[PDB]
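Before any comments, here is the structure.
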2 protein chains.
Amino acid sequence: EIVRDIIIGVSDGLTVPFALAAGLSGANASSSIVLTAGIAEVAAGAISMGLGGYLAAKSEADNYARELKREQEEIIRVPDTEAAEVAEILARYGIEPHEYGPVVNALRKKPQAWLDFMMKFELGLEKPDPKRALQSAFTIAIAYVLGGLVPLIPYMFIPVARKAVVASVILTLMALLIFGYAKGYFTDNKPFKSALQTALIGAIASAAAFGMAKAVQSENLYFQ
Amino acid sequence: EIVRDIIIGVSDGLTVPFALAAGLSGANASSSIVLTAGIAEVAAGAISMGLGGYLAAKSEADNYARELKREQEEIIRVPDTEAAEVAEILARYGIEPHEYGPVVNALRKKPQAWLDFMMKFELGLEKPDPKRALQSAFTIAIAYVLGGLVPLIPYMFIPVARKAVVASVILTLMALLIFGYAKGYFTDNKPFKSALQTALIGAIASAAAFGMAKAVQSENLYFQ
Ligand SMILES: [Zn+2]
Ligand SMILES: [Zn+2]
Ligand SMILES: [Zn+2]
Ligand SMILES: [Zn+2]
């Protein structure tokens, strides 16, 4: 999870901060203009995922605990109505009633397990950790910033943008092929494929941002 | 899902395209410069989520079907080893062996159900639809574009950016309060809270993008 949040968050700040930066460079914009947009974009990105992460986590933490309660109240007020819904669960998996019948009886004495299974199928069996909800957001905001920084560094040292964009194109394509392989070392296999696929989303968007940076600048003589 | 993808995708293109646009306006940048960055950013965003959506969906479609096979091969080659892992599942929920013992026997004759449950707990019970995987990406790219367009429209009609940003601030704050309430009409309740919370992520990031647009422009006399 946190390994995914810090790598899935890096691959967003590596692509869009690069794509805009290259697009701005392509439309003959000054390094300084490429930074002001890019840093405005990185920070505006990190806040949006930072709070978006802790608005979904803090909403699902509340919702699944609230959904935990609503199903217990259905298990309590009308015990057979809740029994039938998970009798259906037992039934659903080709389990013939004369054996699962006694199961409900032991379940009616001990709440947790019977509940937990109906719960598993209602709330997805995902009772979450409250602290790791916050840790998900801070880790995704940080990794997203650190990935936006990578395409931007050269424009900080090189004030001709069409000079910097060549250093930026190689640095981040190196970074996309490194952090593409790392997103394949974990989770799904074939890390050389993931490397090339993150490099290719880079290219597609950096080229679209270039197509569109130029198209809006299309009547101006200099970048205005 | 598709209702979430088209509304969760709108709330990204409403916030970051606005935040940069306001930040650029705040640093005394021309409408035309605010469009060239913003349209570069919207398109570079839509490609990144467009392909990111169909690289995770097409990877999990393959992975869970591949994970479906690996567990069947463990269920086949060493039937008792797979039995023990889901005998553990049965055991785990306070189910005493003399009743679930006969369950495994009927399960050893019929593969699907026994498999499906171990599968449910290994692959999250999420065998996915291949077509809806693609529909998720096209719907999130489209909703993300349409949401970037909304903060940008006024700069297209109004060439003084500090004039346009006032129309943009009201249009999209209207849009965040409308599409914040709609993300509360579905999923979690309390839609007036969700409205105000999407409006507030707007403000936090639009203010951070403003803080940073200005800070990089801090030594220039005019926007350079
Ligand atoms: Zn129930
Ligand atoms: Zn029920
Ligand atoms: Zn197993
Ligand atoms: Zn096993």
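For the structure tokens, the naming scheme is as follows: chains receive sequential letters (A, B, ...) according to their order of presentation, residues are indexed from 1 within each chain, and ligands are indexed from 1 in presentation order.
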Expected answer as a PyMOL selection string: chain A residues within 6 Å of chain B, only C-alpha atoms: chain A and resi 16+20+36+40-41+44+47+93+113+205+209+212-213+216
At most 9 Å from ligand 1 (only C-alpha atoms and all ligand atoms): residue list as number ranges by chain: A: 71-72, 74-75, 81-86, 115, 118-119, 121-122
Could you write out the selected residues, including C-alpha atoms, as a PDB file, in the first residue's frame?
ATOM      1  CA  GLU A  71     -25.711  -4.351   9.328  1.00  0.00           C
ATOM      2  CA  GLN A  72     -25.403  -5.202  13.012  1.00  0.00           C
ATOM      3  CA  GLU A  74     -30.239  -5.482  10.803  1.00  0.00           C
ATOM      4  CA  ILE A  75     -28.632  -8.549  12.382  1.00  0.00           C
ATOM      5  CA  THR A  81     -33.632 -11.350   7.809  1.00  0.00           C
ATOM      6  CA  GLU A  82     -29.867 -11.066   8.273  1.00  0.00           C
ATOM      7  CA  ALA A  83     -29.613 -14.858   8.487  1.00  0.00           C
ATOM      8  CA  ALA A  84     -31.289 -15.243   5.081  1.00  0.00           C
ATOM      9  CA  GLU A  85     -28.903 -12.833   3.389  1.00  0.00           C
ATOM     10  CA  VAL A  86     -25.896 -14.903   4.550  1.00  0.00           C
ATOM     11  CA  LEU A 115     -21.267 -10.735  11.410  1.00  0.00           C
ATOM     12  CA  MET A 118     -21.836 -10.886   6.056  1.00  0.00           C
ATOM     13  CA  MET A 119     -19.651  -7.868   6.845  1.00  0.00           C
ATOM     14  CA  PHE A 121     -19.352  -9.343   1.765  1.00  0.00           C
ATOM     15  CA  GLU A 122     -21.114  -6.034   2.523  1.00  0.00           C
TER      16      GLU A 122
END
Which of chain A DSSP labels alpha helix (DSSP H), written as an NGL selection string: :A and (2-8 or 10-13 or 16-26 or 31-77 or 79-92 or 97-109 or 111-122 or 130-157 or 161-185 or 191-216)
Among listed residues A:2, A:91, A:76, A:141, nearest ligand 2 (using only C-alpha atoms and all ligand atoms): A:76
For residue 168 in chain B: contacts at 8 Å, only C-alpha atoms, fewer than 6 positions along chain excluded, given as an MDAnalysis selection string: chainID B and resid 18 151:155
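Considering only C-alpha atoms and all ligand atoms, the residue among A:178, A:143, A:133, A:68 positioned nearest to ligand 2 is A:68.
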For CA of residue 148 in chain B and CA of residue 14 in chain B, the interatomic separation in Å (one decimal):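 CA of residue 14 in chain B lies 5.4 Å from CA of residue 148 in chain B.
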Length of the CA of residue 150 in chain A to CA of residue 1 in chain A vector [Å]: 23.2 Å
